[PDB]
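> Next comes the structure file data_0.pdb, holding PDB, C-alpha atoms.
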```pdb
ATOM      1  CA  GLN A  11    -158.197 -56.079  90.729
ATOM      2  CA  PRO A  12    -160.561 -56.287  93.711
ATOM      3  CA  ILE A  13    -163.147 -58.666  92.143
ATOM      4  CA  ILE A  14    -162.327 -61.435  89.667
ATOM      5  CA  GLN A  15    -165.342 -62.886  87.851
ATOM      6  CA  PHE A  16    -165.674 -66.572  86.903
ATOM      7  CA  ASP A  17    -168.089 -68.391  84.595
ATOM      8  CA  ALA A  18    -168.618 -71.563  86.684
ATOM      9  CA  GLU A  19    -172.308 -72.211  87.330
ATOM     10  CA  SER A  20    -172.203 -75.635  88.967
ATOM     11  CA  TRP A  21    -170.968 -76.846  92.342
ATOM     12  CA  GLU A  22    -169.567 -79.951  90.598
ATOM     13  CA  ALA A  23    -168.041 -78.084  87.647
ATOM     14  CA  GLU A  24    -164.579 -79.203  86.620
ATOM     15  CA  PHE A  25    -162.013 -76.493  85.940
ATOM     16  CA  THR A  26    -159.189 -76.091  83.479
ATOM     17  CA  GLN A  27    -155.721 -75.485  84.905
ATOM     18  CA  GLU A  28    -155.896 -71.971  83.440
ATOM     19  CA  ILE A  29    -158.942 -71.098  85.574
ATOM     20  CA  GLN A  30    -157.468 -72.870  88.606
ATOM     21  CA  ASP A  31    -154.312 -70.755  88.267
ATOM     22  CA  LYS A  32    -156.411 -67.596  87.835
ATOM     23  CA  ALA A  33    -158.346 -68.418  91.021
ATOM     24  CA  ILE A  34    -155.410 -69.263  93.282
ATOM     25  CA  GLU A  35    -153.355 -66.270  92.092
ATOM     26  CA  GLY A  36    -156.330 -63.960  92.583
ATOM     27  CA  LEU A  37    -157.354 -65.433  95.935
ATOM     28  CA  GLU A  38    -153.854 -65.170  97.397
ATOM     29  CA  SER A  39    -153.469 -61.635  96.006
ATOM     30  CA  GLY A  40    -156.492 -60.625  98.089
ATOM     31  CA  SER A  41    -159.102 -60.552  95.348
ATOM     32  CA  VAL A  42    -162.705 -61.676  95.804
ATOM     33  CA  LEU A  43    -163.512 -64.558  93.463
ATOM     34  CA  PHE A  44    -167.036 -63.913  92.156
ATOM     35  CA  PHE A  45    -169.355 -66.547  90.634
ATOM     36  CA  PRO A  46    -172.450 -64.620  89.462
ATOM     37  CA  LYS A  47    -174.346 -67.704  88.242
ATOM     38  CA  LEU A  48    -173.406 -70.200  91.001
ATOM     39  CA  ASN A  49    -176.733 -70.523  92.799
ATOM     40  CA  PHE A  50    -177.408 -72.619  95.902
ATOM     41  CA  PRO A  51    -180.895 -74.007  95.633
ATOM     42  CA  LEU A  52    -183.142 -74.796  98.569
ATOM     43  CA  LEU A  53    -185.576 -77.689  98.863
ATOM     44  CA  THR A  54    -189.234 -76.657  99.123
ATOM     45  CA  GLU A  55    -189.250 -77.863 102.713
ATOM     46  CA  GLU A  56    -186.359 -75.563 103.542
ATOM     47  CA  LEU A  57    -188.079 -72.410 102.317
ATOM     48  CA  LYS A  58    -189.701 -71.806 105.673
ATOM     49  CA  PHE A  59    -186.230 -71.085 107.037
ATOM     50  CA  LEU A  60    -186.078 -67.900 104.966
ATOM     51  CA  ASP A  61    -187.400 -66.182 108.099
ATOM     52  CA  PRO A  62    -185.298 -64.359 110.734
ATOM     53  CA  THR A  63    -187.409 -65.738 113.621
ATOM     54  CA  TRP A  64    -185.285 -68.918 113.617
ATOM     55  CA  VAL A  65    -182.393 -67.092 115.344
ATOM     56  CA  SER A  66    -182.784 -67.760 119.070
ATOM     57  CA  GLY A  67    -179.900 -65.804 120.637
ATOM     58  CA  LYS A  69    -175.078 -65.883 118.073
ATOM     59  CA  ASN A  70    -175.878 -66.757 114.436
ATOM     60  CA  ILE A  71    -177.283 -70.104 113.356
ATOM     61  CA  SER A  72    -174.213 -72.294 113.087
ATOM     62  CA  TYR A  73    -173.343 -75.841 112.059
ATOM     63  CA  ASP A  74    -170.189 -77.816 112.628
ATOM     64  CA  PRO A  75    -169.742 -80.293 109.847
ATOM     65  CA  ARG A  76    -166.960 -82.134 111.670
ATOM     66  CA  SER A  77    -169.260 -83.002 114.601
ATOM     67  CA  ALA A  78    -172.643 -82.701 112.783
ATOM     68  CA  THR A  79    -173.840 -80.299 115.492
ATOM     69  CA  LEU A  80    -176.367 -77.484 114.942
ATOM     70  CA  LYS A  81    -176.205 -74.459 117.263
ATOM     71  CA  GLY A  82    -178.003 -71.147 117.795
ATOM     72  CA  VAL A  83    -181.573 -72.258 117.000
ATOM     73  CA  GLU A  84    -184.374 -73.961 118.932
ATOM     74  CA  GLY A  85    -187.411 -75.865 117.731
ATOM     75  CA  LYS A  86    -188.761 -79.346 117.292
ATOM     76  CA  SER A  87    -186.379 -82.119 116.307
ATOM     77  CA  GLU A  88    -187.772 -82.391 112.767
ATOM     78  CA  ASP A  89    -187.113 -78.708 112.046
ATOM     79  CA  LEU A  90    -183.612 -78.939 113.525
ATOM     80  CA  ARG A  91    -182.969 -81.968 111.315
ATOM     81  CA  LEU A  92    -184.119 -80.029 108.247
ATOM     82  CA  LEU A  93    -181.970 -77.009 109.105
ATOM     83  CA  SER A  94    -178.976 -79.229 109.895
ATOM     84  CA  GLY A  95    -179.494 -80.856 106.500
ATOM     85  CA  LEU A  96    -179.507 -77.486 104.744
ATOM     86  CA  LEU A  97    -176.238 -76.377 106.305
ATOM     87  CA  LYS A  98    -174.648 -79.810 105.873
ATOM     88  CA  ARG A  99    -175.460 -79.680 102.170
ATOM     89  CA  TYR A 100    -173.828 -76.251 101.978
ATOM     90  CA  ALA A 101    -170.718 -77.627 103.715
ATOM     91  CA  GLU A 102    -170.619 -80.543 101.257
ATOM     92  CA  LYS A 103    -171.133 -78.449  98.131
ATOM     93  CA  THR A 104    -168.644 -75.727  99.103
ATOM     94  CA  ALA A 105    -166.042 -78.319 100.144
ATOM     95  CA  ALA A 106    -166.376 -80.231  96.864
ATOM     96  CA  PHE A 107    -166.213 -76.950  94.903
ATOM     97  CA  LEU A 108    -163.057 -75.850  96.720
ATOM     98  CA  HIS A 109    -161.373 -79.192  96.041
ATOM     99  CA  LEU A 110    -162.278 -78.909  92.351
ATOM    100  CA  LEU A 111    -160.978 -75.344  92.128
ATOM    101  CA  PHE A 112    -157.868 -75.460  94.383
ATOM    102  CA  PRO A 113    -156.032 -78.795  93.947
ATOM    103  CA  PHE A 114    -152.781 -77.059  94.980
ATOM    104  CA  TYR A 115    -154.138 -76.912  98.539
ATOM    105  CA  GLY A 116    -155.016 -80.618  98.431
ATOM    106  CA  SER A 117    -156.012 -82.003 101.809
ATOM    107  CA  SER A 118    -154.796 -78.923 103.697
ATOM    108  CA  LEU A 119    -158.259 -77.317 103.461
ATOM    109  CA  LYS A 120    -159.878 -77.965 106.872
ATOM    110  CA  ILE A 121    -163.600 -77.232 106.975
ATOM    111  CA  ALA A 122    -164.835 -75.220 109.934
ATOM    112  CA  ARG A 123    -168.270 -73.821 110.778
ATOM    113  CA  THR A 124    -171.210 -73.243 108.436
ATOM    114  CA  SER A 125    -173.490 -70.308 109.119
ATOM    115  CA  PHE A 126    -176.943 -69.221 108.015
ATOM    116  CA  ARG A 127    -177.671 -65.489 108.321
ATOM    117  CA  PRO A 128    -181.390 -64.639 107.974
ATOM    118  CA  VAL A 129    -181.364 -61.154 109.561
ATOM    119  CA  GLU A 130    -181.413 -58.106 107.283
ATOM    120  CA  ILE A 131    -178.056 -56.320 107.562
ATOM    121  CA  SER A 132    -179.370 -52.762 107.226
ATOM    122  CA  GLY A 133    -181.449 -52.963 110.404
ATOM    123  CA  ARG A 134    -178.518 -53.854 112.633
ATOM    124  CA  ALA A 135    -176.576 -51.697 115.082
ATOM    125  CA  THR A 136    -173.775 -52.824 117.409
ATOM    126  CA  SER A 137    -170.630 -51.434 119.026
ATOM    127  CA  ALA A 138    -168.099 -49.759 116.751
ATOM    128  CA  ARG A 139    -165.904 -52.869 117.150
ATOM    129  CA  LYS A 140    -168.629 -55.293 116.030
ATOM    130  CA  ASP A 141    -170.049 -52.873 113.419
ATOM    131  CA  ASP A 142    -169.903 -54.798 110.134
ATOM    132  CA  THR A 143    -170.456 -51.647 108.054
ATOM    133  CA  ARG A 144    -166.871 -50.687 108.915
ATOM    134  CA  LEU A 145    -164.031 -52.061 106.803
ATOM    135  CA  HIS A 146    -162.122 -54.811 108.587
ATOM    136  CA  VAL A 147    -160.391 -58.128 108.180
ATOM    137  CA  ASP A 148    -161.656 -61.028 110.280
ATOM    138  CA  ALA A 149    -160.282 -61.169 113.829
ATOM    139  CA  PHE A 150    -162.337 -62.656 116.663
ATOM    140  CA  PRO A 151    -161.207 -61.996 120.249
ATOM    141  CA  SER A 152    -162.569 -65.275 121.609
ATOM    142  CA  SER A 153    -161.142 -67.426 118.777
ATOM    143  CA  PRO A 154    -157.470 -67.008 117.872
ATOM    144  CA  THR A 155    -156.202 -68.615 114.656
ATOM    145  CA  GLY A 156    -152.549 -69.204 115.458
ATOM    146  CA  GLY A 157    -151.786 -67.691 112.061
ATOM    147  CA  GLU A 158    -154.028 -70.040 110.062
ATOM    148  CA  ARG A 159    -155.916 -68.543 107.134
ATOM    149  CA  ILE A 160    -159.640 -67.818 107.250
ATOM    150  CA  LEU A 161    -161.158 -68.760 103.885
ATOM    151  CA  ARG A 162    -164.884 -68.222 103.398
ATOM    152  CA  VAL A 163    -167.417 -69.136 100.724
ATOM    153  CA  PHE A 164    -170.571 -66.997 100.589
ATOM    154  CA  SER A 165    -173.866 -67.577  98.761
ATOM    155  CA  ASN A 166    -176.664 -65.010  98.530
ATOM    156  CA  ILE A 167    -179.914 -66.992  98.700
ATOM    157  CA  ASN A 168    -182.348 -64.076  98.969
ATOM    158  CA  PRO A 169    -185.639 -65.209  97.352
ATOM    159  CA  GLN A 170    -186.828 -61.714  96.347
ATOM    160  CA  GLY A 171    -183.792 -60.970  94.181
ATOM    161  CA  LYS A 172    -182.179 -58.566  96.641
ATOM    162  CA  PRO A 173    -178.392 -58.193  96.389
ATOM    163  CA  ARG A 174    -175.916 -58.301  99.231
ATOM    164  CA  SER A 175    -174.107 -54.954  99.306
ATOM    165  CA  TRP A 176    -170.397 -55.197 100.145
ATOM    166  CA  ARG A 177    -167.597 -52.705 100.183
ATOM    167  CA  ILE A 178    -164.091 -53.990  99.458
ATOM    168  CA  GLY A 179    -161.095 -52.020 100.704
ATOM    169  CA  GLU A 180    -157.430 -51.639  99.845
ATOM    170  CA  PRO A 181    -154.753 -54.385  99.997
ATOM    171  CA  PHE A 182    -153.808 -55.801 103.389
ATOM    172  CA  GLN A 183    -150.243 -54.452 103.236
ATOM    173  CA  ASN A 184    -151.552 -50.881 102.774
ATOM    174  CA  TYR A 185    -154.031 -51.280 105.644
ATOM    175  CA  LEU A 186    -151.282 -52.646 107.881
ATOM    176  CA  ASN A 187    -149.000 -49.770 106.936
ATOM    177  CA  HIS A 188    -151.723 -47.180 107.538
ATOM    178  CA  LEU A 189    -152.377 -48.489 111.050
ATOM    179  CA  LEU A 190    -148.822 -49.485 112.006
ATOM    180  CA  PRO A 191    -148.255 -46.233 114.001
ATOM    181  CA  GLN A 192    -151.253 -47.176 116.180
ATOM    182  CA  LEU A 193    -150.173 -50.748 117.018
ATOM    183  CA  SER A 194    -148.831 -51.650 120.464
ATOM    184  CA  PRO A 195    -147.647 -54.855 122.154
ATOM    185  CA  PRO A 196    -150.002 -56.658 124.554
ATOM    186  CA  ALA A 197    -149.775 -55.996 128.263
ATOM    187  CA  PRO A 198    -147.503 -58.606 129.901
ATOM    188  CA  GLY A 199    -149.311 -61.702 131.157
ATOM    189  CA  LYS A 200    -152.693 -60.593 129.806
ATOM    190  CA  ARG A 201    -152.971 -63.161 127.015
ATOM    191  CA  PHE A 202    -151.961 -65.893 129.461
ATOM    192  CA  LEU A 203    -154.819 -64.879 131.779
ATOM    193  CA  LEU A 204    -157.308 -64.818 128.896
ATOM    194  CA  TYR A 205    -156.280 -68.407 128.172
ATOM    195  CA  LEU A 206    -156.334 -69.544 131.820
ATOM    196  CA  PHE A 207    -159.788 -68.021 132.372
ATOM    197  CA  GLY A 208    -161.345 -69.515 129.232
ATOM    198  CA  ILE A 209    -161.982 -66.141 127.630
ATOM    199  CA  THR A 210    -160.048 -67.255 124.543
ATOM    200  CA  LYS A 211    -160.449 -70.681 122.941
ATOM    201  CA  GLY A 212    -156.741 -71.484 122.894
ATOM    202  CA  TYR A 213    -153.897 -69.011 123.359
ATOM    203  CA  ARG A 214    -154.037 -65.649 121.607
ATOM    204  CA  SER A 215    -150.784 -65.522 119.640
ATOM    205  CA  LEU A 216    -149.028 -62.236 118.920
ATOM    206  CA  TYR A 217    -150.310 -62.566 115.353
ATOM    207  CA  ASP A 218    -153.865 -62.769 116.708
ATOM    208  CA  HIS A 219    -153.187 -59.823 119.033
ATOM    209  CA  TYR A 220    -152.076 -57.577 116.171
ATOM    210  CA  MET A 221    -154.847 -58.731 113.833
ATOM    211  CA  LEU A 222    -157.267 -57.738 116.604
ATOM    212  CA  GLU A 223    -155.597 -54.338 116.997
ATOM    213  CA  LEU A 224    -155.797 -53.795 113.221
ATOM    214  CA  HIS A 225    -159.458 -54.839 113.247
ATOM    215  CA  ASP A 226    -160.405 -52.595 116.169
ATOM    216  CA  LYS A 227    -158.225 -49.562 115.530
ATOM    217  CA  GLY A 228    -159.109 -49.607 111.846
ATOM    218  CA  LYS A 229    -162.818 -49.585 112.654
ATOM    219  CA  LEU A 230    -162.270 -46.628 115.010
ATOM    220  CA  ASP A 231    -160.219 -44.668 112.443
ATOM    221  CA  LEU A 232    -163.123 -42.630 111.068
ATOM    222  CA  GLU A 233    -161.091 -40.739 108.461
ATOM    223  CA  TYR A 234    -159.723 -44.048 107.162
ATOM    224  CA  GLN A 235    -163.199 -45.601 107.073
ATOM    225  CA  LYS A 236    -164.452 -42.636 105.045
ATOM    226  CA  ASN A 237    -161.591 -41.872 102.661
ATOM    227  CA  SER A 238    -159.557 -45.050 102.139
ATOM    228  CA  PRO A 239    -159.823 -46.682  98.688
ATOM    229  CA  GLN A 240    -162.866 -48.934  98.478
ATOM    230  CA  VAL A 241    -165.319 -50.241  95.885
ATOM    231  CA  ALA A 242    -169.014 -50.867  96.523
ATOM    232  CA  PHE A 243    -170.310 -54.064  94.911
ATOM    233  CA  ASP A 244    -173.765 -55.674  95.020
ATOM    234  CA  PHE A 245    -173.560 -59.478  95.032
ATOM    235  CA  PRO A 246    -176.707 -60.617  93.190
ATOM    236  CA  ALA A 247    -179.159 -63.111  94.567
ATOM    237  CA  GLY A 248    -178.067 -66.516  93.315
ATOM    238  CA  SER A 249    -174.345 -65.665  93.246
ATOM    239  CA  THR A 250    -171.439 -67.069  95.242
ATOM    240  CA  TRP A 251    -168.075 -65.590  96.147
ATOM    241  CA  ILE A 252    -164.842 -66.788  97.761
ATOM    242  CA  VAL A 253    -162.411 -64.701  99.818
ATOM    243  CA  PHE A 254    -159.620 -64.864 102.403
ATOM    244  CA  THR A 255    -161.542 -62.726 104.850
ATOM    245  CA  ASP A 256    -158.502 -62.287 107.120
ATOM    246  CA  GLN A 257    -156.806 -60.463 104.209
ATOM    247  CA  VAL A 258    -159.502 -58.744 102.118
ATOM    248  CA  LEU A 259    -160.802 -55.584 103.786
ATOM    249  CA  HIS A 260    -164.572 -55.760 103.682
ATOM    250  CA  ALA A 261    -167.819 -54.396 105.065
ATOM    251  CA  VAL A 262    -171.482 -55.199 104.420
ATOM    252  CA  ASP A 263    -174.144 -52.502 104.084
ATOM    253  CA  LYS A 264    -177.432 -54.298 103.345
ATOM    254  CA  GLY A 265    -178.931 -57.629 102.380
ATOM    255  CA  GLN A 266    -180.735 -60.625 103.839
ATOM    256  CA  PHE A 267    -180.364 -64.434 103.677
ATOM    257  CA  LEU A 268    -176.772 -65.616 103.337
ATOM    258  CA  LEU A 269    -175.147 -69.036 103.518
ATOM    259  CA  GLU A 270    -171.504 -69.003 104.576
ATOM    260  CA  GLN A 271    -168.839 -71.687 104.987
ATOM    261  CA  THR A 272    -165.506 -71.183 106.740
ATOM    262  CA  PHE A 273    -162.384 -73.184 105.935
ATOM    263  CA  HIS A 274    -158.974 -73.011 107.570
ATOM    264  CA  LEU A 275    -155.658 -73.320 105.751
ATOM    265  CA  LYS A 276    -152.168 -73.413 107.240
ATOM    266  CA  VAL A 277    -149.819 -70.729 105.930
ATOM    267  CA  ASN A 278    -147.248 -73.196 104.618
ATOM    268  CA  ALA A 279    -149.878 -74.723 102.306
ATOM    269  CA  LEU A 280    -150.277 -71.426 100.417
ATOM    270  CA  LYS A 281    -148.721 -71.037  96.984
ATOM    271  CA  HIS A 282    -147.199 -67.682  98.052
ATOM    272  CA  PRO A 283    -146.943 -67.773 101.859
ATOM    273  CA  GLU A 284    -145.166 -64.394 101.886
ATOM    274  CA  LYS A 285    -148.446 -62.732 100.847
ATOM    275  CA  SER A 286    -150.289 -64.016 103.936
ATOM    276  CA  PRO A 287    -151.223 -61.593 106.741
ATOM    277  CA  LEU A 288    -149.036 -63.648 109.115
ATOM    278  CA  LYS A 289    -145.883 -63.259 107.023
ATOM    279  CA  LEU A 290    -146.594 -59.600 106.207
ATOM    280  CA  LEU A 291    -146.953 -58.882 109.935
ATOM    281  CA  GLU A 292    -143.818 -60.866 110.819
ATOM    282  CA  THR A 293    -141.908 -58.856 108.198
ATOM    283  CA  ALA A 294    -143.269 -55.506 109.372
ATOM    284  CA  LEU A 295    -142.485 -56.226 113.038
ATOM    285  CA  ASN A 296    -139.362 -58.385 112.387
ATOM    286  CA  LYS A 297    -140.607 -60.928 114.895
ATOM    287  CA  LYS A 298    -142.009 -64.441 115.071
ATOM    288  CA  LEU A 299    -145.701 -63.960 115.863
ATOM    289  CA  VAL A 300    -146.867 -67.503 116.544
ATOM    290  CA  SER A 301    -144.742 -69.516 118.935
ATOM    291  CA  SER A 302    -145.889 -72.871 117.757
ATOM    292  CA  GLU A 303    -144.527 -72.130 114.286
ATOM    293  CA  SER A 304    -142.723 -74.943 112.523
ATOM    294  CA  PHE A 305    -138.969 -74.341 112.232
ATOM    295  CA  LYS A 306    -137.186 -74.638 108.916
ATOM    296  CA  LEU A 307    -133.495 -75.510 109.093
TER     297      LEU A 307
END
```
Starting from the file, lay out its structure as structure tokens.


Amino acid sequence: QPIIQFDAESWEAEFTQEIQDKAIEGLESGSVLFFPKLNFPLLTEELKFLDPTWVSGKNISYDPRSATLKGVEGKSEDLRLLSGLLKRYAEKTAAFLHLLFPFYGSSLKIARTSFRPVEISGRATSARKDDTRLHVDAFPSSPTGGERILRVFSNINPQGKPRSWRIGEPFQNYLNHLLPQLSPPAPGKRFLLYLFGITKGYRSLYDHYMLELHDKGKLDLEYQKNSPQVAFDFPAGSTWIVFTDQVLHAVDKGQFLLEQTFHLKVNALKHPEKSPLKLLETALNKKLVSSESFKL
């Protein structure tokens, strides 16, 4: 069931336990939770930001923990306004997630907010960075140590244009398809990436294999073409929630997206065995993050 639809229309909506159970079971099973009527309105004074010329380099990014705006230049008043837009998205998504997922409690750790004003269809990068190819999230400069990547997305296009995604097959099937292509890292290489500041932190073995899955999957052209996948247009004014380290996804077109990343430790999950970390540790019969807590 790749997409599970929900009725909630408000960022401060309260949920029944039945809907909370439906959401957490679907999320952890690798479904996209879809809120077609959950719009994120903009203040009149923020409308000017619906313009790709605000990107100065990296996407526009905001750290709610440090209240720091990055990736955009301009006068202080405009940076204040844009900071306020992304801070409000951080606040609304964080409140929504605490209303929907009380099982996670205080284990949800907010990370960076992003605003994406560039039209997807006019982009072209390397095959590795190509976001029209199905992948899970794995970033070579930013290892996770096994922690989950949970993202909330809102399509805020003002001309009613949808955001066109494709959603692929379950993570376990993707892992199994690419398992013959995986290889261990070269000895000492991850240590040098850490010493030289290429990675922010140490790239665990989990992060190494997630990166190999990401990259080799994008380069597997037959898999990109023929593997099971559904094409879905997220309407303007909708919101969706997804473990993007688990749900295979790609984006084909669209413009103007708000996004909020959260991190969640594996042991806070209702079904930790469904996480990419545990599935990889099972497949390779190996501990993949050395800092892992030990259970007696």

> Give me, please, the distance in Å between atom CA of residue 189 of chain A and atom CA of residue 229 of chain A, quoted to one decimal.

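Computed distance, atom CA of residue 189 of chain A to atom CA of residue 229 of chain A, equals 10.6 Å.
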
> Quick one: which residues end up in the PyMOL selection byres ((chain A and resi 140) around 12) for this structure, as a list in words?

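Applying the expression gives residues 134, 135, 136, 137, 138, 139, 141, 142, 143, 144, 145, 146, 147, 148, 149, 150, 151, 222, 225, 226, 227, 228, 229, 230, 261 and 262 of chain A.
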
> What is the distance between atom CA of residue 243 of chain A and atom CA of residue 12 of chain A, in Å to one decimal?

10.1 Å

> Please tell me which residues are no farther than 6 Å from (-164.9, -54.1, 102.6) in the file, counting all atoms listed in the file, and write them as a list in words.

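Neighbouring residues, ordered by chain and number, come to residues 145, 177, 178, 179, 259, 260 and 261 of chain A.
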
> Translate the PyMOL selection byres ((chain A and resi 80) around 10) into a concrete residue list for this structure, as an mmCIF file with C-alpha atoms, in the frame of the given file.


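What landed in out-v7.cif:
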```
data_model
loop_
_atom_site.group_PDB
_atom_site.id
_atom_site.type_symbol
_atom_site.label_atom_id
_atom_site.label_comp_id
_atom_site.auth_asym_id
_atom_site.auth_seq_id
_atom_site.Cartn_x
_atom_site.Cartn_y
_atom_site.Cartn_z
ATOM 1 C CA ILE A 71 -177.283 -70.104 113.356
ATOM 2 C CA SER A 72 -174.213 -72.294 113.087
ATOM 3 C CA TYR A 73 -173.343 -75.841 112.059
ATOM 4 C CA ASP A 74 -170.189 -77.816 112.628
ATOM 5 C CA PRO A 75 -169.742 -80.293 109.847
ATOM 6 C CA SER A 77 -169.260 -83.002 114.601
ATOM 7 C CA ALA A 78 -172.643 -82.701 112.783
ATOM 8 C CA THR A 79 -173.840 -80.299 115.492
ATOM 9 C CA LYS A 81 -176.205 -74.459 117.263
ATOM 10 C CA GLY A 82 -178.003 -71.147 117.795
ATOM 11 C CA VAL A 83 -181.573 -72.258 117.000
ATOM 12 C CA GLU A 84 -184.374 -73.961 118.932
ATOM 13 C CA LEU A 90 -183.612 -78.939 113.525
ATOM 14 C CA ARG A 91 -182.969 -81.968 111.315
ATOM 15 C CA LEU A 93 -181.970 -77.009 109.105
ATOM 16 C CA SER A 94 -178.976 -79.229 109.895
ATOM 17 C CA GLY A 95 -179.494 -80.856 106.500
ATOM 18 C CA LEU A 97 -176.238 -76.377 106.305
ATOM 19 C CA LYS A 98 -174.648 -79.810 105.873
ATOM 20 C CA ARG A 123 -168.270 -73.821 110.778
ATOM 21 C CA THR A 124 -171.210 -73.243 108.436
ATOM 22 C CA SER A 125 -173.490 -70.308 109.119
#
```

> Hey, can you check how far atom CA of residue 191 of chain A sits from atom CA of residue 296 of chain A?

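Interatomic distance, atom CA of residue 191 of chain A to atom CA of residue 296 of chain A: 15.1 Å.
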
> When distances are computed from only C-alpha atoms, which of A:266, A:196, A:108, A:233 shows the smallest separation from residue 170 of chain A?

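Under the stated criterion, the closest residue is A:266.
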
> I need the output of the PyMOL selection byres ((chain A and resi 131) around 6) for this file as a ChimeraX atom specification; which residues are they?

/A:130,132-134,264-265
